[PDB]
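Worksheet for the structure shown next.
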Amino acid sequence: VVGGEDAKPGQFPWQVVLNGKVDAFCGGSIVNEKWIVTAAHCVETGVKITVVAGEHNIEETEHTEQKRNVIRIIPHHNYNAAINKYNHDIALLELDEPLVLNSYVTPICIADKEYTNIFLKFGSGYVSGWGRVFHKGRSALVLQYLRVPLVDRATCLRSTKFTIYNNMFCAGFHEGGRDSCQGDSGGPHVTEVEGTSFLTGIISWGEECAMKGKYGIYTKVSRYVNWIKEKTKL
Amino acid sequence: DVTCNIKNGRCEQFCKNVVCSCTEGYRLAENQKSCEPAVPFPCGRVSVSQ
Ligand SMILES: N=C(N)c1ccc2[nH]c(-c3n[nH]c(-c4ccccc4)c3O)nc2c1
Ligand code: NA
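Here is the structure:
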């Protein structure tokens, strides 16, 4: 996250970090004790991944962390990286052993299709992750967060030569300076509804991080609610 | 008089034409509008001191 702030411990207890050949390459959100929702481009190669819940400072042991191996990767059936690496960009990860829910490890709420869309249209979500804090720069040690406004589809379409499909959305600032970045993808975009946060998007992709005239592209979670609830049933 | 089209029928979370409801881990309050924790760690809540 470029232009964000250090989260306090337990401020985003649904956030998880993904590790593989490179640690902190992508983020995710806790659906429940056995399941994580992330971007399919983060796990498309089907490589051995580990999830860390309860993380705050990735280089300091705070005794709140919970690491788990991933035993199953379910990309959405409409995801195909050979056609478009960032369309239908959502995947679920099954953990080898359940997380122990506490104040540092808590799931994110997911409303039905209609209400997830209503909450996105409130126009202001929180994004978070351990990604790059500058475009082409060092990645964060402490979890970063940022409030990003929703951008109308017309402004979003004029900002890029790439195709922004109807179940993708734009968020960020007209003048740049603050945005999500590489290392944050798969992480959450949440909307606070009277003190309860609901998942409204997945951090997906963008061109230059925090550049004036460019915005972050997110996956609309409302498009996949029935698939998340179905596959993650305990 | 009361409809989900105006202020969500005054429901804190979900409204159905009104009957208010909440997401899993929350229970409908004595006022029939607000949502309260029904489990120790309900989804989407910050419980560490800030
Ligand atoms: N401009 C932005 N707001 C932005 C947001 C998310 C991004 N994600 C990426 C990204 N670049 N490369 C990968 C990646 C991650 C895992 C495997 C392969 C590629 C990414 O997730 N660039 C990004 C830029
Ligand atoms: Na740590």
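Same order as they appear, the protein sequences are chains A and B.
Note that the authors' numbering has the first sequence beginning at 16, numbered continuously upward.
Using the authors' numbering, the letters of the second sequence correspond one by one to residues 85 to 101, 107 to 139.
All C-beta atoms in this analysis are idealised placements derived from N, C-alpha and C, irrespective of residue type, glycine included.
Around the beta-carbon of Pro113 of chain A, fewer than 16 other beta-carbon atoms lie within 10 Å, marking it exposed. Judged by DSSP secondary structure, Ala169 of chain A falls within the alpha helix (DSSP H) whose first and last residues are 168 to 173. In the three-state scheme derived from DSSP, where H, G and I count as helix and E and B as strand, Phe134 of chain A is classed as helix. In the structure shown, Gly61 of chain A falls within a coil segment according to DSSP collapsed to helix, strand and coil.
Contact of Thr112 of chain B with chain A by beta-carbon distance below 8 angstroms involves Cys124, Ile125, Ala126, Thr211, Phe213. In summary, the residues of the stretch 17 to 30 of chain A whose CB is separated from some CB of chain B by less than 9 angstroms are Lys23, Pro24, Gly25, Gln26, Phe27, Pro28, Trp29, in the order they occur in the chain. The beta carbons of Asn34 of chain A and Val157 of chain A sit no closer together than 7 angstroms.
In this structure, ligand 1 has a non-hydrogen atom nearer than 6 angstroms to the beta-carbon of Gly231 of chain A. With a contact defined as Cβ atoms closer than 8 angstroms, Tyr119 of chain A and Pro24 of chain A qualify at about 7 angstroms.
Taking the Cβ of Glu96 of chain B as the reference point, every heavy atom of ligand 2 lies at 6 angstroms or farther away.
Against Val208 of chain A, the close residues of chain B are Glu96, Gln97, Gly133, in the order they occur along the chain (beta-carbon pairs closer than 9 angstroms). In terms of Cα proximity to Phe40 of chain A, the closest of A:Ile64, A:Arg83, A:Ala169 is A:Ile64. Just so you know, the alpha carbons of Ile125 of chain A and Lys235 of chain A end up roughly 12 angstroms apart.
By the 16-neighbour rule on beta-carbons within 10 angstroms, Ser138 of chain B is exposed. Placement of the Cβ of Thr178 of chain A at a distance of 6 angstroms or more from every heavy atom of ligand 2 is found. Three or more pairs of CB atoms, one per stretch, sit closer than 8 angstroms, so the stretch 210 to 225 of chain A contacts the stretch 183 to 196 of chain A. DSSP, reduced to helix, strand and coil, places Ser195 of chain A outside both helices and strands of the structure shown, so it counts as coil. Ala54 of chain A places its beta carbon 7 angstroms or farther from that of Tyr94 of chain A. At a cut-off of 6 angstroms, the beta-carbon of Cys41 of chain A counts as near ligand 1: some heavy atom of the ligand is closer than that. When Cβ-Cβ separations below 7 angstroms define contact, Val86 of chain B makes no contact with chain A. Here the C-alpha atom of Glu223 of chain A lies approximately 7 angstroms from the C-alpha atom of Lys229 of chain A. Between the alpha carbons of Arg173 of chain A and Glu190 of chain A lies a gap of roughly 15 angstroms. Residue pairing by DSSP puts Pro90 of chain A in a beta bridge opposite A:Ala106.
Under the Cβ criterion (8 angstroms, minimum of three pairs), the stretch 74 to 88 of chain A does not count as touching the stretch 135 to 154 of chain A. Interface residue (Cβ-Cβ distance to chain A less than 7 angstroms): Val137 of chain B is classified as such.
Taken through DSSP and simplified to helix, strand or coil, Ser237 of chain A comes out as helix. For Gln26 of chain A, the closest C-alpha among the options A:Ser200, A:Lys151, A:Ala169, A:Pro122 is that of A:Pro122.
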